[PDB]
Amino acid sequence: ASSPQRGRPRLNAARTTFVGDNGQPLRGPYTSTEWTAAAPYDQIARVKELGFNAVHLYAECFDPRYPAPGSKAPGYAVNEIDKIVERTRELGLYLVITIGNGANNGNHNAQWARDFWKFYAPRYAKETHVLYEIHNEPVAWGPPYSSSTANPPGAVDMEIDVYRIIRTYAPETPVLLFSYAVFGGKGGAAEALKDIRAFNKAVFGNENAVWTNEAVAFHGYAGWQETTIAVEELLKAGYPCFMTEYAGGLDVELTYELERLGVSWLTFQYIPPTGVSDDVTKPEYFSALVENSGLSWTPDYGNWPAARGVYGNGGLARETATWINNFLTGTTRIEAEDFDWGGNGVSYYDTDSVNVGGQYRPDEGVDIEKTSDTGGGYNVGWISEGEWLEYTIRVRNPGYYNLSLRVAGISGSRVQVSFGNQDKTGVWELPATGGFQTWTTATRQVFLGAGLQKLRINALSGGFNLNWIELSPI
């Protein structure tokens, strides 16, 4: 159609999340109209250059005293919400609208929430780019809301009543339920399933309803490890989900897991000029974290993050091994020839576009030949000054590691190795071995932070070949 406006997001084929009108997950930062003007058009537009296609809107903040004299009724920010709706429409962005809480996270006012959606549900029902998230963090702090001892009680009744209101006026609009603050472990999933069953019985007539246009909203405050478990278990039970608020700046580890699982996400960094957390346009809170980690997805707009991935290892970041007693739990060896794919100037830099060795990856630029070193396979050769190679890894535990390079060189050479774009080695002199297939292992101790990060080999000179890289904890 003659409109940049995005079409209805729908549940994906795998029923893991809502995806857009191109089959891609929704990814975005947040803004608020709770006590501020609409973020400016030109600031909202910046999200597109950061690989995003969606915006999370905390539209109005509930009044806990409503409807007493002096309380603020819903609908007060309509003129600002309308601007967000229009600006996202024209920019080709999705918009997730919710009720915020101000000082009262982990709480809600049911009447206020029903009246908010009676007004807003019909108002934006026909905006195909707009989704409705019933209520931010309505209970302190997670499932089961259906417990008689939930703090406060009755949130599932609010979810039910609001869902009916929404569907009465907005029959096609995606609805995100619950917005659990802390959603962690097998236990978190099991408790959420109690709430889901109770909701389903009341709304659909059957505890085990198959949702066609609904998902569970959840937040990341259980931490990345526990949240990943809960998401995995819920997805196994057959209920899609959607991350609506989390932070570490960007929580790189949780983003990696949500990408793997096929779950849409809204990060808790704000569109300038203002918000209660950190600005998404400052590199230190988002783009630098993405860049240094090697995280990538296909953006709806622009070419950032760049298309890239792990070569081999089933496309998963190469996790570092640990010790149990005197043995290693898994491989420590990263083959030099298994550099990230992505291309020249993205995942490697090579001075000639052809692989002059012709082997292994003939259609990429890195020069690769068969090796006569122990164990066979291949080595990177024709290494020249200024070339570099990146490998996306995941450091399981922070601390000291032995970093080993299996190298050969007729004469002397120099390398330097960065991790997450931080130099960990300085200049590392590799003395001559006397031949390009006369192999030695060079080792240096490095101190690494935990997490997803790119290991980058920088050739400070030519004159050496590289078979493989090993990393093991001290």
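One-based numbering along the sequence shown.
- Unmodelled stretch separating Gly248 from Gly249: 4 to 9 residues (count of deposited-sequence residues without coordinates).
- Judged by mean Cα B factor in the deposited record, 458-466 ranks above the other of 19-27 and 458-466.
- Comparing 289-297 with 203-211, the higher mean C-alpha B-factor in the PDB entry belongs to 203-211.
- Remark: of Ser32, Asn53, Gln416, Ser413, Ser413 shows the highest value [criterion: C-alpha B-factor in the PDB entry].
- Looking only at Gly92, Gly142, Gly262, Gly358, the residue with the top Cα B factor in the deposited structure is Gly358.
- In the deposited entry, the Cα temperature factor of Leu258 sits in the bottom third of values across the chain's modelled residues.
- The PDB entry assigns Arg444 a C-alpha temperature factor belonging to the highest third of its chain's modelled residues.
- Looking at the C-alpha B-factors along this chain, the one for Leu11 belongs to the lowest third.
- Remark: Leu57 belongs to the lowest third of its chain, ranked by C-alpha B-factor as recorded.
- Residue-level temperature factors show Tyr378 in the highest third of its chain, judged at the C-alpha atom.
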